[PDB]
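A short write-up of the structure that comes next.
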Amino acid sequence: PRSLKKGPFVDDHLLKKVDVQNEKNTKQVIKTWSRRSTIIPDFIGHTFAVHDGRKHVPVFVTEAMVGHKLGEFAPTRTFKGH
Amino acid sequence: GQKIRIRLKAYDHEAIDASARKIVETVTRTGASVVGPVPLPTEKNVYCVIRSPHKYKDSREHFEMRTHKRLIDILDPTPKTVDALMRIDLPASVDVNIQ
Amino acid sequence: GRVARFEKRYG
Amino acid sequence: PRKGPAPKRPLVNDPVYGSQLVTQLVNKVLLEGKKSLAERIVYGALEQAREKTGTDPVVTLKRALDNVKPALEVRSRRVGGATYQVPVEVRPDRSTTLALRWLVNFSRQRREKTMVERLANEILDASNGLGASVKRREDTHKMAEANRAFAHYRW
Amino acid sequence: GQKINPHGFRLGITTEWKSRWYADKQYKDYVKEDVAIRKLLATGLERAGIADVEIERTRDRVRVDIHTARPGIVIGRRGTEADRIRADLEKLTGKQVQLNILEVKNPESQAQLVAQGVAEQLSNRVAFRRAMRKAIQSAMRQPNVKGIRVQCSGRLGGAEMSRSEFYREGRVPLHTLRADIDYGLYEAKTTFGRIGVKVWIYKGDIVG
Amino acid sequence: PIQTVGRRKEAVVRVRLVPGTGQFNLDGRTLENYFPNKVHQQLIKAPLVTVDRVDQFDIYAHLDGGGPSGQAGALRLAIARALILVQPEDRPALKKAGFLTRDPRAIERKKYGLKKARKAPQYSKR
Amino acid sequence: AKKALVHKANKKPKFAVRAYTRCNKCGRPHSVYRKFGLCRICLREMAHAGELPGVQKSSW
Amino acid sequence: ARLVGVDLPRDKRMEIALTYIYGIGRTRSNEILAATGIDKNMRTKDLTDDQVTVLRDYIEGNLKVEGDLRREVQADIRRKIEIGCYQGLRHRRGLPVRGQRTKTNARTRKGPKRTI
RNA sequence: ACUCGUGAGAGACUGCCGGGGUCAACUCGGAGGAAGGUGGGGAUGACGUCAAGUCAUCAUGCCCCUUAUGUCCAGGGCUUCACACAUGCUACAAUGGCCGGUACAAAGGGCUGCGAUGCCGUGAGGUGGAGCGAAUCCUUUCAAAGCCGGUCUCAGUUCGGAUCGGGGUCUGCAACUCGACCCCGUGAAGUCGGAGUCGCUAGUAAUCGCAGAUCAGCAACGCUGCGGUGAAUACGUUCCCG
RNA sequence: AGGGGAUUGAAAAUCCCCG
RNA sequence: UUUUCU
Ligand SMILES: [Mg+2]
Ligand SMILES: [Mg+2]
Ligand SMILES: [Mg+2]
Ligand SMILES: [Mg+2]
Ligand SMILES: [Mg+2]
Ligand SMILES: [Mg+2]
Ligand SMILES: [Mg+2]
Ligand SMILES: [Mg+2]
Ligand SMILES: [Mg+2]
Ligand SMILES: [Mg+2]
Ligand SMILES: [Mg+2]
Ligand SMILES: [Mg+2]
Ligand SMILES: [Mg+2]
Ligand SMILES: [Mg+2]
Ligand SMILES: [Mg+2]
Ligand SMILES: [Mg+2]
Ligand SMILES: [Mg+2]
Ligand SMILES: [Mg+2]
Ligand SMILES: [Mg+2]
Ligand SMILES: [Mg+2]
Ligand SMILES: [Mg+2]
Ligand SMILES: [Mg+2]
Ligand SMILES: [Mg+2]
Ligand SMILES: [Mg+2]
Ligand SMILES: [Mg+2]
Ligand SMILES: [Mg+2]
Ligand SMILES: [Mg+2]
Ligand SMILES: [Mg+2]
Ligand SMILES: [Zn+2]
């Protein structure tokens with residue numbers, strides 16, 4: 001866990017992009033490479049294309065998902081089994 | 001009363017002898033009280049490295065680094081002796097901290 | 001309510 | 001020991017009793033190298049023996065020891081592709097040792113809830129010749145006299 | 001992986017460090033300055049045999065003594081080579097640099113140099129056995145020299161397989177700590193590869 | 001004054017021997033308070049017993065390094081050297097019982113490739 | 001060592017934590033002592049050659 | 001005795017007894033029994049109904065124990081499993097969740113060893 | 001004065017006595033002595049072997065790429081997992097666990113580092129900076145196993161800590177994939193381990209903490225060292241191995 | 001018979017486990 | 001005692 005004293009981490013990149021999107025009231029698919037920004041209530045309804053390293057995965061943000069770093073929801077390695 | 005502590009460092013032992021001698025003489029010649037070449041403990045910094053590139057981690061080699069230190073306490077710093085110690089030329093191996 | 005749990009921490 | 005018999009160690013004497021037997025016993029109960037623990041265990045076992053039988057501890061220890069001390073043993077040798085167990089006479093010391101270590105080992109297998117108790121009840125019971133350790137010495141003697149034929153190797 | 005480096009074995013005892021200074025704080029700096037210096041001096045002048053480089057440092061002032069076979073090729077009488085070198089030492093900026101050249105007296109008692117000789121001949125076209133034997137006799141003539149062992153290994157003659165070959169004369173007492181041994185090593189550059197040349201020259205013994 | 005030093009495996013003690021009764025003062029405590037084990041007490045009292053001069057000397061001590069056992073051993077040696085200082089002629093008796101030998105046993109340098117000292121790592125030839 | 005990386009570790013990083021060591025002489029990333037700034041290999045070399053002032057083989 | 005749906009063992013020191021409650025462990029016990037003023041060195045046999053009352057009142061007041069606890073924890077797991085979090089996927093597969101080593105060990109997740 | 005610190009020096013040589021020795025080497029005992037017979041341990045690897053290892057430390061012959069097999073960055077991977085091996089660590093409990101009181105080390109480490117008293121926390125730690133480039137200051141005056149006392153009564157347990165949930169702290173631009181540490185809960189396998197097999201001959205084995213390098217942080221239970229407490233056995237070459 | 005351990009320089013043979 | 005091949 002990031003300590004409280006620092007406050008939650010969101011890179012300025014998608015902070016700016018998501019602000020522009022929800023001020024114009026338009027909900028788009030935003031293309032992000034940042035796995036490391038935690039989710040804020042500002043992000044609550046939007047959709048994200050996050051990088052899994054091979055591609056961009058669709059992620060619909062909901063209420064239950066706040067408190068979590070984004071790339072949690074785009075898995076990385078593919079395991080089908082043997 | 002003024003005590004000047006001349007502190008001596010070296011990697012080599014006998015160079016610490018040379019400097020001991022040099023400064024004890026320079027001081028005695030100018031008539032100040034020299035407590036003399038008082039030995040401190042020797043520092044030892046040890047590094048064990050592997051011998052080969054690429055595996056064989058079992059065969060190793062130890063290298064060491066020793067530092068020998070001597071105290072020279074000069075009591076009653078005659079301004080002449082002071083002018084002499086500022087002007088002493090010591091070996092490249094020896095470090096003199098005059099404080 | 002996960003967002004309240006969020007705001008208690010940081011706010 | 002390819003070059004000859006190696007020297008032996010000078011067991012000191014026990015301060016409270018004065019038997020080297022006793023300190024020998026602490027050195028067979030010595031575990032992980034806390035000698036202090038062994039010391040108070042042994043001393044305690046001797047004290048409990050003292051209150052139960054009401055008589056001197058060293059004496060009952062010697063007696064016990066002598067009832068589990070085997071004279072005869074079995075040393076294995078494979079001969080001609082058939083392995084033979086062989087009767088062999090024991091010199092004294094290897095006997096005190098074997099008896100002691102027997103006592104102790106079968107002390108650790110008792111149900112008596114504490115080492116200081118198990119040990120004591122086991123010495124006390126080797127005195128009366130009751131214990132499983134005495135049975136052990138019996139076992140060795142039995143399996144010695146059973147093989148008496150093979151003594152002819154005298155090895 | 002066998003014999004340790006003779007020079008390193010006797011280091012506290014029979015032989016001395018190649019460079020004198022002391023600083024704790026500045027240590028790491030000083031050493032990257034050294035690897036720099038010895039790179040420059042190993043690259044620049046191969047004409048005149050380079051025996052040794054001893055470096056000394058006091059505060060700002062720095063002193064590089066280079067031991068060399070013939071000092072004449074390391075300084076043009078006009079001071080041309082001296083200029084090139086003092087310029088390179090100012091580019092490394094140990095600040096002030098006092099550059100001194102000292103010609104080693106006996107060229108054939110010096111292991112590094114003998115080695116360079118063998119290496120040169122082996123490098124041109126020369127038949128290797130010859131080069132070995134020559135260095136041997138040469139060195140063995142001079143008075144201090146007690147025994148000498150020259151070991152050259154590689155593709156020799158350019159044959160494809162690695163021959164090692166080794167020659168000994170007199171005494172070469174490696175495991176003796178009081179034995180002053182001079183070691184030298186050189187890699188001779190050839191059309192077929194590189195071939196290594198080690199030389200041990202045992203001169204007397206040190207007693208202290 | 002009398003002084004002497006014992007040393008056993010990284011423990012030094014300095015002993016001062018005094019003419020009085022059988023009191024032991026080690027670093028400001030009694031011999032029973034410091035070394036509270038019968039074994040050790042026996043060890044320290046033994047040289048006195050061998051010279052049969054027990055309880056003729058107040059002993060003062062300064063102990064450092066080692067541990068209980070190491071300091072015990074050192075202590076014994078120091079005592080036994082003090083007794084050669086008081087009355088030389090005991091030396092044949094004392095040194096026959098070994099009390100005057102410095103124990104030349106010390107911890108081994110751990111060696112690399114091994115785990116500690118002599119114990120080697122496991123080995124499988126499969 | 002690719003010269004790229006060597007000269008790339010001498011640059012100022014955009015984060016304080018991207019700075020790593022990489023020995024001066026051969027430019028080897030792993031096993032680099034802080035005092036000398038050498039990697040175990042280069043260190044055993046210059047040590048044996050006597051170019052490291054006060055280092056020396058050890059025994060005890 | 002009987003407390004909060006638990007059955008306290010016949011003879012235990014209170015601190016060890018309370019530990020049979022799914023919500024409590026030794027620390028919470030040295031807290032609770034200090035707060036109530038009941039000695040921790042008492043048996044279960046010497047406990048009274050009054051004491052059981054004050055106890056039940058305290059620990060039901062400030063502390064969640066037992067069934068509710070279980071249901072809640074199971075609720076948090078099924079929660080993070082629903083939203084499709086990485087930890088969720090791990091819980092699904094029956095693998096280790098905390099970023100441990102799955103190449104070799106992890107048998108306490110996987111269970112007994114089934115050979116190929 | 002005693003240590004201790006580091007310089008110089010003495011001291012172990014079969015030197016002195018007894019016996020065997022071909023009157024030779026050498027061996028069995030004794031004395032003196034701190035030590036007795038290469039006192040203990042290191043560093044020290046002969047000629048060569050094995051086409052052993054490494055063109056990824058480096059250097060390099062030849063061949064290949066040169067619009068990529070160079071190079072710059074973000075994200076991912078090197079941590080995946082039905083398995084199988086290998087080296088370790090914690091265990092399976094009473095010679096033990098847990099709470100309280102108390103005694104003894106050695107070595108080391110420290111500049112944009114080591115960081116004290118004090119104050120805030122339950123605790124990781126926060127606030128603060130004494131004082132030190134360090135036989136001085138800091139790592140607390142240093143330990144843990146030890147000893148004294150209390151409790152637990154042989155049980156899947158006050159054994160065991162894996163796992164999982166919640167709640168945090170610190171490092172870093174950033175702890176999701178992938179950090180460590182602390183708090184609360186959770187509380188699994190495991191009852192000394194088949195065939196087989198490994199280490200060790202005295203301060204050794206066994207067990208107990210401590211420091212270091214690498215390092216912003218750490219996968220450290222690793223590696224290298226330091227000391228504490230400290231055993232058993234060796235009749236002897238028939239057998240296995242070299 | 002087959003799978004996994006174990007002896008083996010590597011296989012057979014042998015020895016333990018397993019479905 | 002028993003020990004096949006590479
Ligand atoms: Mg140890
Ligand atoms: Mg880094
Ligand atoms: Mg590095
Ligand atoms: Mg030799
Ligand atoms: Mg060899
Ligand atoms: Mg090959
Ligand atoms: Mg290369
Ligand atoms: Mg290449
Ligand atoms: Mg390669
Ligand atoms: Mg990248
Ligand atoms: Mg990555
Ligand atoms: Mg890996
Ligand atoms: Mg394998
Ligand atoms: Mg491990
Ligand atoms: Mg442990
Ligand atoms: Mg527990
Ligand atoms: Mg425990
Ligand atoms: Mg305690
Ligand atoms: Mg030491
Ligand atoms: Mg507090
Ligand atoms: Mg205190
Ligand atoms: Mg439990
Ligand atoms: Mg079970
Ligand atoms: Mg049980
Ligand atoms: Mg078995
Ligand atoms: Mg041996
Ligand atoms: Mg670290
Ligand atoms: Mg065939
Ligand atoms: Zn390097």
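Note on naming: chains are A, B, ... as they come in the structure tokens, residues start from 1 per chain, ligands start from 1 in the order shown.
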All residues 12 Å or closer to residue 35 in chain E, only C-alpha atoms (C1' of nucleotides), same chain fewer than 3 positions away omitted, as a ChimeraX atom specification: /E:19,28-32,38-42,53,55,92 /G:23-27,36-38,42-43,45-46,51-52
Can those selected residues be exported to a file as a JSON list (two decimals), in the first residue's frame so that it contains C-alpha atoms?
```json
[["chain", "number", "residue", "atom", "x", "y", "z"],
["E", 19, "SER", "CA", 51.15, 3.32, -7.05],
["E", 28, "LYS", "CA", 37.07, 5.67, -6.19],
["E", 29, "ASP", "CA", 37.96, 8.84, -8.19],
["E", 30, "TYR", "CA", 41.65, 8.17, -8.02],
["E", 31, "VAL", "CA", 41.25, 4.64, -9.30],
["E", 32, "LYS", "CA", 39.15, 5.58, -12.32],
["E", 38, "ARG", "CA", 47.23, 3.16, -17.87],
["E", 39, "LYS", "CA", 44.82, 2.81, -20.78],
["E", 40, "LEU", "CA", 46.31, 5.93, -22.46],
["E", 41, "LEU", "CA", 49.90, 4.92, -21.85],
["E", 42, "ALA", "CA", 49.33, 1.28, -22.89],
["E", 53, "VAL", "CA", 53.99, 2.86, -14.67],
["E", 55, "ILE", "CA", 51.68, 6.83, -10.12],
["E", 92, "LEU", "CA", 42.38, 13.36, -17.64],
["G", 23, "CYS", "CA", 32.34, -0.78, -12.96],
["G", 24, "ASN", "CA", 34.72, 1.76, -14.44],
["G", 25, "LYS", "CA", 37.24, -0.53, -16.05],
["G", 26, "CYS", "CA", 35.30, -3.11, -18.09],
["G", 27, "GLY", "CA", 31.83, -1.68, -17.50],
["G", 36, "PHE", "CA", 36.95, 0.87, -5.75],
["G", 37, "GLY", "CA", 34.17, 1.06, -8.27],
["G", 38, "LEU", "CA", 35.53, -2.18, -9.71],
["G", 42, "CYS", "CA", 38.90, -6.26, -12.49],
["G", 43, "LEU", "CA", 39.55, -5.93, -8.80],
["G", 45, "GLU", "CA", 43.41, -8.09, -11.51],
["G", 46, "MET", "CA", 44.51, -4.72, -10.30],
["G", 51, "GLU", "CA", 47.84, -0.89, -8.61],
["G", 52, "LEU", "CA", 45.43, -0.70, -5.69]]
```
Backbone-only DSSP, alpha helix (DSSP H) members of range 106-147 of chain D, as a count of residues only: 30
Could you give me the residues within 10 Å of ligand 20, counting only C-alpha atoms (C1' of nucleotides) and all ligand atoms, as a PDB file with N, CA and C atoms (P, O5', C5', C4', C3', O3' and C1' of nucleotides), in the first residue's frame?
```pdb
ATOM      1  P     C I 119       9.491  11.868  27.204  1.00  0.00           P
ATOM      2  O5'   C I 119       8.526  12.378  26.040  1.00  0.00           O
ATOM      3  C5'   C I 119       7.809  13.597  26.170  1.00  0.00           C
ATOM      4  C4'   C I 119       7.303  14.105  24.840  1.00  0.00           C
ATOM      5  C3'   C I 119       6.271  13.241  24.122  1.00  0.00           C
ATOM      6  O3'   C I 119       4.951  13.336  24.644  1.00  0.00           O
ATOM      7  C1'   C I 119       7.933  13.874  22.588  1.00  0.00           C
ATOM      8  P     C I 120       3.991  12.036  24.699  1.00  0.00           P
ATOM      9  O5'   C I 120       3.606  11.771  23.176  1.00  0.00           O
ATOM     10  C5'   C I 120       2.864  12.728  22.433  1.00  0.00           C
ATOM     11  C4'   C I 120       2.489  12.198  21.071  1.00  0.00           C
ATOM     12  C3'   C I 120       1.991  10.763  21.037  1.00  0.00           C
ATOM     13  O3'   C I 120       0.650  10.608  21.463  1.00  0.00           O
ATOM     14  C1'   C I 120       3.596  11.047  19.345  1.00  0.00           C
ATOM     15  P     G I 121       0.234   9.295  22.292  1.00  0.00           P
ATOM     16  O5'   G I 121      -0.333   8.314  21.176  1.00  0.00           O
ATOM     17  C5'   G I 121       0.000   6.938  21.183  1.00  0.00           C
ATOM     18  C4'   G I 121       0.255   6.432  19.787  1.00  0.00           C
ATOM     19  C3'   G I 121       0.378   4.923  19.645  1.00  0.00           C
ATOM     20  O3'   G I 121      -0.875   4.260  19.606  1.00  0.00           O
ATOM     21  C1'   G I 121       2.185   5.944  18.538  1.00  0.00           C
ATOM     22  P     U I 122      -1.423   3.478  20.902  1.00  0.00           P
ATOM     23  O5'   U I 122      -0.171   2.631  21.412  1.00  0.00           O
ATOM     24  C5'   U I 122      -0.286   1.718  22.502  1.00  0.00           C
ATOM     25  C4'   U I 122       0.526   0.466  22.268  1.00  0.00           C
ATOM     26  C3'   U I 122       1.835   0.696  21.503  1.00  0.00           C
ATOM     27  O3'   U I 122       2.933  -0.049  22.042  1.00  0.00           O
ATOM     28  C1'   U I 122       0.453  -0.857  20.326  1.00  0.00           C
ATOM     29  P     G I 123       4.448   0.461  21.779  1.00  0.00           P
ATOM     30  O5'   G I 123       4.802  -0.090  20.315  1.00  0.00           O
ATOM     31  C5'   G I 123       5.380  -1.381  20.125  1.00  0.00           C
ATOM     32  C4'   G I 123       5.305  -1.863  18.687  1.00  0.00           C
ATOM     33  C3'   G I 123       6.094  -1.078  17.648  1.00  0.00           C
ATOM     34  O3'   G I 123       7.492  -1.357  17.674  1.00  0.00           O
ATOM     35  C1'   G I 123       3.939  -1.555  16.801  1.00  0.00           C
TER      36        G I 123
END
```
Residue hits in chain J, query chain H, radius 12 Å, only C-alpha atoms (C1' of nucleotides), as a ChimeraX atom specification: /J:3-4,18-19
Strand (DSSP E or B) residues, from DSSP on the backbone, in range 4-53 of chain B, as a list in words: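 DSSP-assigned strand (DSSP E or B) residues in range 4-53 of chain B: residues 4, 5, 6, 7, 8, 9, 10, 33, 34, 38, 39, 43, 44, 45, 46, 47, 48, 49 and 50 of chain B.
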Top pick for closest residue to chain D, considering F:79, F:13, F:74, F:97 and counting only C-alpha atoms: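 Using only C-alpha atoms, chain D sits closest to F:97.
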Spatial neighbours of range 57-74 of chain D, 7 Å, only C-alpha atoms (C1' of nucleotides), chain gap at least 2 places, as a list in words: residues 46, 49, 50, 55, 76, 85, 86, 87, 88, 89, 90, 95, 96, 99, 100, 123, 126, 127, 129, 133, 134, 137, 140, 141 and 144 of chain D
Residues near residue 122 in chain D, cut-off 10 Å, only C-alpha atoms (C1' of nucleotides), skip fewer than 2 positions along chain, as number ranges by chain: D: 45, 49, 64, 103-104, 106-108, 110, 112, 117-120, 124-134
Now that the selection is made, can you save its residues with N, CA and C atoms as a PDB file, in the first residue's frame?
```
ATOM      1  N   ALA D  45      17.151 -36.317  38.782  1.00  0.00           N
ATOM      2  CA  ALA D  45      16.850 -37.750  38.714  1.00  0.00           C
ATOM      3  C   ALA D  45      17.444 -38.492  39.900  1.00  0.00           C
ATOM      4  N   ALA D  49      15.289 -40.462  42.765  1.00  0.00           N
ATOM      5  CA  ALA D  49      15.690 -41.808  43.178  1.00  0.00           C
ATOM      6  C   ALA D  49      15.887 -41.847  44.695  1.00  0.00           C
ATOM      7  N   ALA D  64      22.290 -50.478  39.193  1.00  0.00           N
ATOM      8  CA  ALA D  64      21.531 -50.416  37.942  1.00  0.00           C
ATOM      9  C   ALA D  64      22.432 -50.656  36.736  1.00  0.00           C
ATOM     10  N   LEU D 103      20.502 -47.121  28.831  1.00  0.00           N
ATOM     11  CA  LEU D 103      19.689 -46.520  29.862  1.00  0.00           C
ATOM     12  C   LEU D 103      19.042 -45.243  29.352  1.00  0.00           C
ATOM     13  N   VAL D 104      19.869 -44.268  28.993  1.00  0.00           N
ATOM     14  CA  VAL D 104      19.368 -42.992  28.483  1.00  0.00           C
ATOM     15  C   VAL D 104      18.397 -43.112  27.308  1.00  0.00           C
ATOM     16  N   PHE D 106      16.514 -45.479  26.330  1.00  0.00           N
ATOM     17  CA  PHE D 106      15.217 -46.018  26.702  1.00  0.00           C
ATOM     18  C   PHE D 106      14.570 -45.141  27.763  1.00  0.00           C
ATOM     19  N   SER D 107      15.302 -44.138  28.242  1.00  0.00           N
ATOM     20  CA  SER D 107      14.710 -43.169  29.152  1.00  0.00           C
ATOM     21  C   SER D 107      13.872 -42.178  28.374  1.00  0.00           C
ATOM     22  N   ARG D 108      14.317 -41.840  27.175  1.00  0.00           N
ATOM     23  CA  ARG D 108      13.605 -40.858  26.382  1.00  0.00           C
ATOM     24  C   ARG D 108      12.286 -41.395  25.846  1.00  0.00           C
ATOM     25  N   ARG D 110      10.095 -43.258  27.685  1.00  0.00           N
ATOM     26  CA  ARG D 110       9.126 -43.432  28.781  1.00  0.00           C
ATOM     27  C   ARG D 110       7.957 -42.430  28.714  1.00  0.00           C
ATOM     28  N   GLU D 112       6.539 -40.851  31.416  1.00  0.00           N
ATOM     29  CA  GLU D 112       6.458 -40.300  32.775  1.00  0.00           C
ATOM     30  C   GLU D 112       6.386 -38.764  32.845  1.00  0.00           C
ATOM     31  N   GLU D 117      11.962 -37.227  35.472  1.00  0.00           N
ATOM     32  CA  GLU D 117      11.161 -38.310  36.022  1.00  0.00           C
ATOM     33  C   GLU D 117      11.463 -39.604  35.293  1.00  0.00           C
ATOM     34  N   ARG D 118      11.260 -39.623  33.975  1.00  0.00           N
ATOM     35  CA  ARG D 118      11.574 -40.791  33.141  1.00  0.00           C
ATOM     36  C   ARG D 118      12.943 -41.391  33.439  1.00  0.00           C
ATOM     37  N   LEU D 119      13.957 -40.529  33.509  1.00  0.00           N
ATOM     38  CA  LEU D 119      15.320 -40.963  33.793  1.00  0.00           C
ATOM     39  C   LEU D 119      15.399 -41.645  35.150  1.00  0.00           C
ATOM     40  N   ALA D 120      14.867 -40.976  36.169  1.00  0.00           N
ATOM     41  CA  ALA D 120      14.904 -41.482  37.539  1.00  0.00           C
ATOM     42  C   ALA D 120      14.180 -42.819  37.684  1.00  0.00           C
ATOM     43  N   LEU D 124      16.059 -46.286  38.756  1.00  0.00           N
ATOM     44  CA  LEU D 124      15.377 -46.994  39.835  1.00  0.00           C
ATOM     45  C   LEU D 124      14.868 -48.377  39.416  1.00  0.00           C
ATOM     46  N   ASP D 125      14.312 -48.470  38.207  1.00  0.00           N
ATOM     47  CA  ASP D 125      13.786 -49.745  37.713  1.00  0.00           C
ATOM     48  C   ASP D 125      14.844 -50.665  37.113  1.00  0.00           C
ATOM     49  N   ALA D 126      15.992 -50.110  36.744  1.00  0.00           N
ATOM     50  CA  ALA D 126      17.111 -50.945  36.329  1.00  0.00           C
ATOM     51  C   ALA D 126      17.821 -51.506  37.564  1.00  0.00           C
ATOM     52  N   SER D 127      17.626 -50.847  38.707  1.00  0.00           N
ATOM     53  CA  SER D 127      18.133 -51.346  39.988  1.00  0.00           C
ATOM     54  C   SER D 127      17.455 -52.657  40.359  1.00  0.00           C
ATOM     55  N   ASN D 128      16.127 -52.633  40.334  1.00  0.00           N
ATOM     56  CA  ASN D 128      15.316 -53.822  40.558  1.00  0.00           C
ATOM     57  C   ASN D 128      15.404 -54.779  39.370  1.00  0.00           C
ATOM     58  N   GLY D 129      16.091 -54.350  38.312  1.00  0.00           N
ATOM     59  CA  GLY D 129      16.282 -55.163  37.125  1.00  0.00           C
ATOM     60  C   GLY D 129      14.999 -55.294  36.324  1.00  0.00           C
ATOM     61  N   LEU D 130      14.091 -54.346  36.533  1.00  0.00           N
ATOM     62  CA  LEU D 130      12.768 -54.366  35.906  1.00  0.00           C
ATOM     63  C   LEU D 130      12.696 -53.814  34.472  1.00  0.00           C
ATOM     64  N   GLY D 131      13.434 -52.732  34.218  1.00  0.00           N
ATOM     65  CA  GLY D 131      13.283 -51.918  33.016  1.00  0.00           C
ATOM     66  C   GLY D 131      13.504 -52.574  31.659  1.00  0.00           C
ATOM     67  N   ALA D 132      13.131 -51.861  30.599  1.00  0.00           N
ATOM     68  CA  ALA D 132      13.284 -52.368  29.240  1.00  0.00           C
ATOM     69  C   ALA D 132      14.746 -52.372  28.803  1.00  0.00           C
ATOM     70  N   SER D 133      15.545 -51.516  29.434  1.00  0.00           N
ATOM     71  CA  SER D 133      16.984 -51.471  29.199  1.00  0.00           C
ATOM     72  C   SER D 133      17.683 -52.765  29.657  1.00  0.00           C
ATOM     73  N   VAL D 134      17.296 -53.265  30.830  1.00  0.00           N
ATOM     74  CA  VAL D 134      17.810 -54.544  31.311  1.00  0.00           C
ATOM     75  C   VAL D 134      17.398 -55.652  30.349  1.00  0.00           C
TER      76      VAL D 134
END
```
Long-range neighbours of residue 11 in chain J as a list in words, 12 Å cut-off, only C-alpha atoms (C1' of nucleotides), 5 positions minimum in chain: residues 4, 5 and 6 of chain K
Generate the output file for the selected residues, N, CA and C atoms (P, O5', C5', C4', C3', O3' and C1' of nucleotides), as a PDB file, in the first residue's frame.
```pdb
ATOM      1  P     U K   4      29.232 -59.592 -15.467  1.00  0.00           P
ATOM      2  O5'   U K   4      28.622 -59.641 -16.935  1.00  0.00           O
ATOM      3  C5'   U K   4      27.637 -60.604 -17.276  1.00  0.00           C
ATOM      4  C4'   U K   4      26.601 -60.033 -18.214  1.00  0.00           C
ATOM      5  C3'   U K   4      27.044 -58.889 -19.112  1.00  0.00           C
ATOM      6  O3'   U K   4      27.875 -59.263 -20.200  1.00  0.00           O
ATOM      7  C1'   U K   4      24.974 -58.336 -18.177  1.00  0.00           C
ATOM      8  P     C K   5      29.120 -58.328 -20.630  1.00  0.00           P
ATOM      9  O5'   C K   5      28.448 -57.045 -21.294  1.00  0.00           O
ATOM     10  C5'   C K   5      27.971 -57.094 -22.630  1.00  0.00           C
ATOM     11  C4'   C K   5      27.142 -55.883 -22.977  1.00  0.00           C
ATOM     12  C3'   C K   5      27.912 -54.627 -23.357  1.00  0.00           C
ATOM     13  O3'   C K   5      28.336 -54.647 -24.719  1.00  0.00           O
ATOM     14  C1'   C K   5      26.149 -54.083 -21.845  1.00  0.00           C
ATOM     15  P     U K   6      29.658 -53.861 -25.211  1.00  0.00           P
ATOM     16  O5'   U K   6      29.300 -52.315 -25.003  1.00  0.00           O
ATOM     17  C5'   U K   6      28.301 -51.666 -25.789  1.00  0.00           C
ATOM     18  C4'   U K   6      28.076 -50.237 -25.346  1.00  0.00           C
ATOM     19  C3'   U K   6      29.316 -49.351 -25.290  1.00  0.00           C
ATOM     20  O3'   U K   6      29.684 -48.826 -26.559  1.00  0.00           O
ATOM     21  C1'   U K   6      28.035 -49.067 -23.308  1.00  0.00           C
TER      22        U K   6
END
```
Expected answer as a list in words: chain I residues within 10 Å of chain G, only C-alpha atoms (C1' of nucleotides): residues 41, 42, 43, 56, 57, 58, 70, 71, 172, 173, 213, 214 and 216 of chain I
7 Å shell around ligand 22 using only C-alpha atoms (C1' of nucleotides) and all ligand atoms, listed as a count of residues only: 3
